[PDB]
Amino acid sequence: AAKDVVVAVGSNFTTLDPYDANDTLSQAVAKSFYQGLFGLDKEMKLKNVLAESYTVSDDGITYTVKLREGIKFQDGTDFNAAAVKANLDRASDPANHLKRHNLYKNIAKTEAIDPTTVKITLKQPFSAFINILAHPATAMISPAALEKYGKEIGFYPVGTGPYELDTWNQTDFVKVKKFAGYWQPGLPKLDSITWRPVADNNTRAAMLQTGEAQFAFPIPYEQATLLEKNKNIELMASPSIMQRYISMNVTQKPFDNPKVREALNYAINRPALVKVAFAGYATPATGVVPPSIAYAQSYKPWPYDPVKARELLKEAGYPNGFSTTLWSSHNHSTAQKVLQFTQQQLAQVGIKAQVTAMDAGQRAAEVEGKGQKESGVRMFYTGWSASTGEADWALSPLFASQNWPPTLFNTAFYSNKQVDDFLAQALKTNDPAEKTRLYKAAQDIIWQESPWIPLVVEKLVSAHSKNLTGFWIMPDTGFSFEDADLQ
Ligand SMILES: [Zn+2]
Ligand SMILES: [Zn+2]
Ligand SMILES: [Zn+2]
Ligand SMILES: [Zn+2]
Ligand SMILES: [Zn+2]
Ligand SMILES: [Zn+2]
Ligand SMILES: [Zn+2]
Ligand SMILES: [Zn+2]
Ligand SMILES: [Zn+2]
Ligand SMILES: [Zn+2]
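Residues numbered from 1 in each chain as written, not as in the entry; some residues may be left out. Chains lettered and ligands numbered in written order. Heavy atoms only, no water.

As recorded in the PDB entry, the chain goes by PUTATIVE BINDING PROTEIN YLIB and comes from Escherichia coli. In the PDB, the entry goes by the title "Crystal structure of yliB protein from escherichia coi". Its UniProt record, at the heading Function (literature references left out), says of the chain: "Part of the ABC transporter complex GsiABCD involved in glutathione import. Binds glutathione." Per UniProt, the chain has the following entry under Sequence similarities: "Belongs to the bacterial solute-binding protein 5 family." (UniProt positions renumbered as here; feature names shortened; annotations may be inferred.)

(A) Region of the structure containing the domain arrangement of the chain. Here the domain parsing of the chain yields domain 1 (1-11 + 161-235 + 462-487), domain 2 (12-160) and domain 3 (237-461). The straight-line distance from the C-alpha centre of domain 1 to that of domain 3 is 34 Å. At the interface, twelve residues of domain 1 touch 13 residues of domain 3. Roughly 950 Å² is buried in total at the junction of domain 1 and domain 3, and carbon and sulfur atoms are behind 67% of that figure. (Domains from an automatic or database assignment. Contact = heavy atoms within 4.5 Å. Buried area = accessible area lost by both parts, 1.4 Å probe.)

(B) Highlighting empty space enclosed by the protein. What the rule picks out here adds up to one cavity of 30 Å³ or more. Estimates place the volume of the largest cavity at around 40 Å³. Listed by contribution, the elements that provide at least two residues to the lining of the largest cavity are α14 (432-449) and β17 (452-465). Looking at the lining of the largest cavity residue by residue, the classes come out as seven nonpolar, one polar and no charged. (1 Å grid on protein atoms, 1.4 Å probe; cavity = no way out; pocket = protein on both sides within 12 Å on 5 of 7 lines; lining within 4 Å. Points joined across faces, edges and corners; volume = space filled by probe spheres on them. Helix = DSSP H or I, 4+ residues; strand = E, 2+ residues; numbered from the N terminus. Nonpolar A, V, L, I, M, F, W, Y, C, P; charged D, E, K, R; others polar.)

(C) Highlighting the side chain of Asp17. When you line up the elements, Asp17 lands in the loop between β1 (4-9) and α1 (24-30). The class for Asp17 is buried, based on a relative accessible area of 2%. A distance of 2.9 Å separates a polar atom in the side chain of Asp17 from a polar atom in the side chain of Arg90. Here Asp17 is in contact with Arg90, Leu98, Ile141, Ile153 and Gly154, once residues within four sequence places are set aside. (Buried < 20%, exposed > 50% of the residue type's maximum accessible area, 1.4 Å probe, protein only. Polar contact = N/O pair within 3.5 Å; in protein donor to acceptor, adjacent residues only side chain to side chain.)

(D) Molecular detail of the sheet that holds strand β6 (residues 107-114). A sheet is described by the order of its strands in space; here four strands give the open sequence β4-β5-β7-β6, paired in antiparallel fashion. Of all strands in the sheet, those with a lone pairing partner are β4 (51-56) and β6, marking the two edges. Between one strand axis and the next, the sheet turns through 20° on average, direction left out of account. Sheet contacts for helix α2 (residues 81-91): β5 (62-67), β6 and β7 (117-122); angle to β6, the most-contacted strand, approximately 170°. (Pairing = 2+ DSSP bridges. Axes fitted to C-alpha atoms, helices over the stretch in contact; angles between N-to-C directions.)

(E) Examining the pairing of strand β8 (residues 163-169) more closely. Two elements, β8 and strand β9 (residues 173-178), share six bridges in a ladder whose sense is antiparallel. Note on β9: the bridge partner recorded for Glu164 is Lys177. Adjacent in sequence and paired antiparallel, β8 and β9 are bridged by three residues.

(F) View of the packing of helix α7 (residues 258-267) against helix α9 (residues 306-316). It is the contact of α7 with α9, at a shortest axis distance of 8 Å, that shows an interaxial angle of 160°. Here α7 lies roughly antiparallel to α9, going by the angle between them. In the crossing of α7 with α9, the sense of the turn from one axis to the other is left-handed. Taking contact as the criterion, the partners of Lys259, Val260, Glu262, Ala263, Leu264, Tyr266 and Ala267 in α7 are, on α9, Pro306, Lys308, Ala309, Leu312, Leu313, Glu315 and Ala316. In terms of residue class, the contact of α7 with α9 is built from ten nonpolar, no polar and four charged. (Parallel < 35°, antiparallel > 145°, perpendicular 65-115°, else oblique. Left-handed = near helix turned anticlockwise from the far one by under 90°.)

(G) Structural detail: the layout of surface pockets. Considered as a void within the structure, the second largest pocket measures approximately 610 Å³ in volume. If you go around the second largest pocket, you meet 36 residues; those closest to its centre are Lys31, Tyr34, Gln35, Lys47 and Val49. Looking at the lining of the second largest pocket residue by residue, the classes come out as 18 nonpolar, 13 polar and five charged.

(H) Focus on the packing of aromatic side chains. What the rule picks out here adds up to 31 aromatic pairs. Consider the rings of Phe73 and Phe79, whose centres lie 6.0 Å apart with planes at 80°: the pair is edge-to-face. Taking the relative accessible area as the measure of exposure, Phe73 reaches 1% and is therefore buried. Each ring, one from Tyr182 and one from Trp183, has its centre 5.9 Å from the other, and the planes form 50°; the classification is tilted. A relative accessible area of 23% means that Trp183 is categorised as partly exposed. Counting every residue linked through ring pairs, the aromatic cluster contains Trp195, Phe215, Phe471, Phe479 and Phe481. (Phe/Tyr/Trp six-rings, centres within 6.5 Å; stacked < 30°, edge-to-face > 60°.)

This is how it looks when you write it as structure tokens:
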């Protein structure tokens, strides 16, 4: 019997060459034909994939990876230390100007000691490197295919995965078919997968209804109830890695005063916000890092208390609040309801905030491309996904004093001697204990200094036919379908 499943996704794909994509979706789909040395499961946990095992010098500089022998690429060629070298050399060559260059520029060189042994030496220590190797961007592509297609490799992928490219209709869909020579006997179980972009949200959910699609994501809030009521459809609300928050320019107006920051955090009723802006598909944030990320810490939740808040602003010296600005990035999602709710809650405590949604231009001009002594940024509503699955990318770009704009995304212009050093120390050790310890310390300082108003952490809403099993949504919004099957 023919097992042909259709997945209804959210947008169009950019490229099928992982190294050249900034959107998770395209990377997730390209996972049909590509595998990495390592990868993360649906709980965001480390797994050895094409790699058998690995070792790292106490110097943190040298990584020695053992590979599984006998694996073939979809074009008949062999997967070996040389192919890994070719994939890594290419990714770390700036001349290639591949969108994900920054994830490999720290690689000094890759050596093929033997067909099943790869020696990678970094320029500088970076304990999160193993995570970079498990990232869906680091795909092992066919050296032969890299040469045959050159710069068009992103259209005609050739990897070691369970599916081969059947055909791609730029706007219509990406259809992949079962690869007979897949290195794992018995897989895949499916004969084909058809990834179909469906921009209309209501239509996406509707297809699960008619049976037109067996899996879909994301699912609109209104359509959620409908689907969950259907016995042929399984609707899930899973944890994501999207942190929602409002940063405060800790070097400005009343925000320099830590009492104000502590105050404004009492002003927001988070459980109410999750209902009003996310339809209950999120949770109040009890940390600055989504708990699904490795090394994250969680704390006792912020109570909601307008009285405590107004009192604190008074002690601070603002018996009648004050006025400030609240910027958010222009979008069509839930942001709109978040702003209206927030400035309303802030109004209750006397904080007149002038909301403003900015397009790509103003955002890059007023928020990202601007330094402290110029920036107008005061209160900023935004979000962030640590797509590496570990604390560093969830913490450095947002709190490391060196990452203030236009360098990186520390919109709160926060800084702290200990945190910066704790973050730096973390990257120079590979001992889990030390790492959980170092990161835990930085987070405790951050949470207590409150440079933010951590709002919530979203929930991913997906749904699939009861018949489709082994098909999962990952916190980073990618898919895990190693053992997918149909009955
Ligand atoms: Zn490019
Ligand atoms: Zn050749
Ligand atoms: Zn040649
Ligand atoms: Zn076909
Ligand atoms: Zn065909
Ligand atoms: Zn249709
Ligand atoms: Zn399920
Ligand atoms: Zn109180
Ligand atoms: Zn728009
Ligand atoms: Zn199921």
